[PDB]
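One structure below.
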Amino acid sequence: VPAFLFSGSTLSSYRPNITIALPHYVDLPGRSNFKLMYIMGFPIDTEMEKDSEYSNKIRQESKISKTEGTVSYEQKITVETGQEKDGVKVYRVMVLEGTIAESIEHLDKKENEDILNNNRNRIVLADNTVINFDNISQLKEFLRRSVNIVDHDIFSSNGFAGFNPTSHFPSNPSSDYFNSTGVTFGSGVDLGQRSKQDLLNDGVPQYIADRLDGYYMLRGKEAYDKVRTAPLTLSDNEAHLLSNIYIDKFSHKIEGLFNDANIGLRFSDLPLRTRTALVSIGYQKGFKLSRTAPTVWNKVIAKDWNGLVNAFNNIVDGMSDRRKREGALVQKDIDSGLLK
Numbered sequence: 013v014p015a016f017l018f019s020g021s022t023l024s025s026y027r028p029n035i036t037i038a039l040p041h042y043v044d045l046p047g048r049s050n051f052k053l054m055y056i057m058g059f060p061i062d063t064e065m066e067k068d069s070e071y072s073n074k075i076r077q078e079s080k081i082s083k084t085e086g087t088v089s090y091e092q093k094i095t096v097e098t099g100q101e102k103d104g105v106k107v108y109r110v111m112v113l114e115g116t117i118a119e120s121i122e123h124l125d126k127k128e129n130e131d132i133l134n135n136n137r138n139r140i141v142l143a144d145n146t147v148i149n150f151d152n153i154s155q156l157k158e159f160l161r162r163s164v165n166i167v168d169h170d171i172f173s174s175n176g177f178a179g180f181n182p183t184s185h186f187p188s189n190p191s192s193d194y195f196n197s198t199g200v201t202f203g204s205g206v207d208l209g210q211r212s213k214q215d216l217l218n219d220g221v222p223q224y225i226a227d228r229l230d231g232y233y234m235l236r237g238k239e240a241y242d243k244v245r246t247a248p249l250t251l252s253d254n255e256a257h258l259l260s261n262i263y264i265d266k267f268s269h270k271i272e273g274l275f276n277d278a279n280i281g282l283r284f285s286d287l288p289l290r291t292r293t294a295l296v297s298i299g300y301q302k303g304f305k306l307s308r309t310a311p312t313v314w315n316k317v318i319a320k321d322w323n324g325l326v327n328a329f330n331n332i333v334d335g336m337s338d339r340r341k342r343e344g345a346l347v348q349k350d351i352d353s354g355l356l357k
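Written out as structure tokens, the structure is:
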């Protein structure tokens, strides 16, 4: 105390392979100053101000908010638990350069609870700066906010894209979009232009894709009649699975457009709520925002965030309340210090 040692286990893609009872000292092959000591087979990371051969210098702190902030969903993270005293830091390594996903799982694992509630929990980023968390919870939250390209609960709420597990038919005869509309499930998933094999190719499970037989490729009057005389309802679990697959898929196209514009930063460097606002407007008006919502896009590529809020507020499509709610997501990111 204050510690645990051989408690639980550790996730690493890196192991080196005749007396092992003695400690072994290793240099992380990719980077530095990152030097680890293996007691038994377990990785230990220590920092000491006064020069040591096998220790590391003091890592500077990160300015990222531990409360409201995120790390890029694109990067790798090192998760550490331990103690620090008067200029000397001792930490046990839990995840060694892992993705946010297995981090979030291997971090709740049955063997690992014990050491994480009595020791200080931090993340070491790819740039070798440090985020110190007050507790383990804060950390878990942080990982959950970081893992997803958009916020799925916000996106599927009635305020934005909605959720309807029964087969439905937006628009109508009086509309220009009549003939371009298909049968739709979950949050806006439209089968009008899709084949079963397309869904299988996108990663949708067999049982869901077979369940939808007879609804593929229908549009206009056909789709309207089909919904009227022979509806089909998916369970909430299946509907949410299908939806999340197509939401992530679309998010990637928005991401590509953003990165291709060479604005000075990457889509993954923006806060969660803003990413969510941009994907939402694109989902409804079409993905190429340079063409479909020019005022919004022009403000985005200028990096003018107040201008962006105004643009969301001034657009007239007859979808006004939703446009406003998107703008208010952006305004929330400005007010909390995450933007600019």
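Per the authors' numbering: the sequence shown = residues 13 to 29, 35 to 357.
The beta carbon of each residue, even a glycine, is placed where N, CA and C say it ideally should be.
| Asked | Found |
| --- | --- |
| Rounded C-alpha distance that separates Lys243 from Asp253 | 21 Å |
| Alpha helix (DSSP H) segment containing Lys270, residue limits | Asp253 to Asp277 |
| Cutoff 9 Å: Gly209 Cβ touching any chain C Cβ | The question asks about chain C, but that chain is absent: this structure has only one protein chain. |
| Nearest candidate by alpha-carbon position, reference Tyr108, set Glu114, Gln100 and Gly115 | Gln100 |
| Validate contact between the stretch 119–137 and the stretch 76–91 using beta carbons, cut 8 Å, 3 pairs | no |
| Cut-off 6 Å between Cβ atoms - residues of its own chain near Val296, not counting five sequence neighbours on either side | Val167, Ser268 and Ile271 |
| Burial state of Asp44 (16 or more Cβ within 10 Å) | exposed |
| Where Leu17 falls, given that 16 or more other Cβ within 10 Å makes a residue buried | exposed |
| Span of the alpha helix (DSSP H) around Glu239 | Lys238 to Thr246 |
| Distance, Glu91 Cα to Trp314 Cα | 23 Å |
| Distance, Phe186 Cα to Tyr194 Cα | 11 Å |
| Contact belief for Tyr71 with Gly205 at Cβ below 8 Å, rounded distance in angstroms | With 8 Å as the limit, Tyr71 and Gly205 do not qualify as a contact, their Cβ atoms being about 56 Å apart. |
| Nearest-angstrom Cα separation, counted from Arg48 out to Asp144 | 10 Å |
| Stretch pair the stretch 168–180 + the stretch 230–243: three plus CB contacts closer than 8 Å | no |
| CA-to-CA distance, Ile148 to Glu97, given in whole angstroms | 10 Å |
| Contact check, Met111 vs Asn129, beta carbons under 9 Å | yes |
| Proximity to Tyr263 [Cα-Cα], best of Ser353, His169, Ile351 and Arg27 | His169 |
| Nearest residue (CA-CA) to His257, options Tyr224, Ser173 and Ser154 | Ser173 |
| For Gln210, the three-state DSSP class (helix, strand or coil) | coil |
| Distance between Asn279 and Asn50 (C-alpha atoms, nearest Å) | 32 Å |
| Through-space distance from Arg292 to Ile298, alpha-carbon basis | 10 Å |
| Span of the beta strand (DSSP E), counted from its first residue to its last, around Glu97 | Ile94 to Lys102 |
| Outcome for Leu282 when other beta-carbon atoms lying within 10 angstroms are tallied against a minimum of 16 | exposed |
| Cα-Cα separation between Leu356 and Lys157, rounded to whole angstroms | 23 Å |
| Counted within 10 angstroms of its Cβ, other Cβ atoms place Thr198 as buried (16 or more) or exposed | buried |
| Cβ-based neighbour list, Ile75, same chain, cut-off 6 Å, excluding 5 preceding and 5 following | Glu64 and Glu66 |
| CB-CB length for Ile61 against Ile94, believed under 8 Å | 18 Å between Cβ atoms; not a contact. |
| Helix, strand or coil at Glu91 according to DSSP, with G and I counted as helix | coil |
| Coil, strand or helix - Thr36 by DSSP | coil |
| Limits of the unbroken beta strand (DSSP E) element including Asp44 | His41 to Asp44 |
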